[PDB]
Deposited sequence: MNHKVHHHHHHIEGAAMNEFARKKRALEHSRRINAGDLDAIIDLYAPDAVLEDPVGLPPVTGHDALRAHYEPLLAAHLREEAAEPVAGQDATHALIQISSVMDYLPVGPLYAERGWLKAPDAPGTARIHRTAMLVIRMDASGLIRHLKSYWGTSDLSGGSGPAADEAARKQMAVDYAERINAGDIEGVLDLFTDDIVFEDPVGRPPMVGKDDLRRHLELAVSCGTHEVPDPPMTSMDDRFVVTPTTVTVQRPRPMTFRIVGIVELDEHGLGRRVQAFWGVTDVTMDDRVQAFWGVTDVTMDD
């Protein structure tokens, strides 16, 4: 059913539970034998249980503690998305972050901590095992200051423009080449003409968008934005959505994926 949406969202939360629990066998158990992990998105991906154990053991050693937001489901029978707020001891991974220039080295590495906020995109198979997990976070999500954090601005510009009914200003945020899915799981659309019809539909039933602060991938190719969205017609409803936008060399929107599930809509009535 669309009850399997709940299954994926449950497994998503279980992942966070097992991390906080610290049991490494319990964590690896959630993964297919051949799963693929990108953390953070932009680093070369990593494959197989051995590599997972290698990635997760130092984190568990740093007493990583995760606070999970409410997941949302994709309408594709595989995906659940979940935002995480992390804290860990700066050692032993901190130094590697600094060595990559992601983080300014602390004065007292034995007492420093590392705070992170990331978006987890988890692709599961019918048995609920994780096949591919993407963790989206960049330097502005670690312990809005780069010329590349104004690429986070593109999330504010979209919502602000669309709430005003400024369709052309929305269309300007994207390449003429634009591919978009909304919801992820239904056939996608291409080019600013389809998008215009999508957005004209949106304005007419009265949609209103409110983003939470976005995250980026590490290479700033991607901007991840949780929004809450309301519509008036054909029924007052509220949607919990997380939208991923891939950017081109000029900061234009190349691809958009709006993740929200049937269990992410509320028929509010007041």
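- Of the deposited sequence, the ranges 1 to 14, 158 to 161, 289 to 302 have no C-alpha coordinates according to the record.
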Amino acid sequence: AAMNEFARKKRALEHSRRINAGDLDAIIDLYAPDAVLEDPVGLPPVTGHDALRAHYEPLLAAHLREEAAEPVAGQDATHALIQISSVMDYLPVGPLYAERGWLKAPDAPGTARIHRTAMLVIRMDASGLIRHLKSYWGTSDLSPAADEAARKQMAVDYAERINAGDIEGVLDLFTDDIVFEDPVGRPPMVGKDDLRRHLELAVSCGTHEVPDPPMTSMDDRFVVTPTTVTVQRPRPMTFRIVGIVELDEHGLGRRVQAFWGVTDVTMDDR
From here on, numbers count along this sequence of modelled residues.
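- Between 103 to 111 and 145 to 153, it is 145 to 153 that carries the larger average Cα temperature factor according to the deposited entry.
- Higher average CA B factor: 230 to 238, of the stretches 230 to 238 and 211 to 219.
- Comparing the C-alpha B-factors of 87, 91, 178, 122 in the entry, the top value falls on 178.
- Within the selection 190, 184, 133, 80, the deposited Cα B-factor values reach their highest point at 190.
- In this PDB entry, residue 169 carries a Cα temperature factor that places it within the highest third of its chain's modelled residues.
- The entry lists a Cα temperature factor for residue 251 that places it in the highest third of the chain's modelled residues.
- Sorting the modelled residues of the chain by their CA temperature factor places residue 117 in the lowest third.
- In this PDB entry, residue 48 carries a Cα temperature factor that places it within the middle third of its chain's modelled residues.
- Sort the chain's modelled residues by C-alpha temperature factor and residue 33 lands in the middle third, per the entry.
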